[PDB]
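Taken in order, these protein sequences are the chains called B and A.
Counting in the deposited numbering, the first sequence runs from 826 upward without gaps.
Counting in the deposited numbering, the second sequence runs from 536 upward without gaps.
Data block below; observations after.
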Amino acid sequence: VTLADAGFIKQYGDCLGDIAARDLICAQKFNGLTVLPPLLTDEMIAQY
Amino acid sequence: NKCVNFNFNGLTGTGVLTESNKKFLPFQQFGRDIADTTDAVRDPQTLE
Ligand SMILES: *[C@@H]1O[C@H](CO)[C@@H](O)[C@H](O)[C@H]1NC(C)=O
């Protein structure tokens with residue numbers, strides 16, 4: 826199962842330039858659509 | 536590399552200007568993204 830936003834941290838210094846052309850996720854982010862992270866990480870779910 | 540209220544030929548807006556890697560053909564002045572908005576512009580006084 827592939828995933829993109831994963832609700833994890835983005836610097837303000839990656840999307841500018843070619844990225845925001847090829848990548849829809851900051852296109853969405855630059856319009857107030859925000860994916861948030863789950864409370865349990867995949868390490869905590871694997872631990873349970 | 537700084538946040539500014541720009542205006543290019545009446546294209547008013549707000550953002551950071553940066554040197555692009557984009558390669559606009561001579562007849563083009565504005566570049567746009569999926570959300571219908573100019574994300575790249577040719578500077579009239581220098582053609583960058
Ligand atoms: C634009 O006009 C100014 C004023 O005449 C001139 O100094 C400048 O060189 C011009 N732009 C370019 C890229 O030559």
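All residues carry an ideal CB built from backbone N, CA and C; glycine is no exception.
Asked: Limits of the unbroken alpha helix (DSSP H) element including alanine 575(A); Found: Note, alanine 575(A): premise wrong, no alpha helix (DSSP H); beta strand (DSSP E) at 572-576.
Asked: Any C-beta of chain A under 8 Å from that of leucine 849(B); Found: yes
Asked: Cβ pair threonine 549(A), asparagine 536(A) closer than 8 Å; Found: no
Asked: Top-ranked residue by Cα proximity to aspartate 839(B), from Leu828(B), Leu864(B), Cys851(B), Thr859(B); Found: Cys851(B)
Asked: Helix, strand or coil at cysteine 840(B) [DSSP, three-state]; Found: coil
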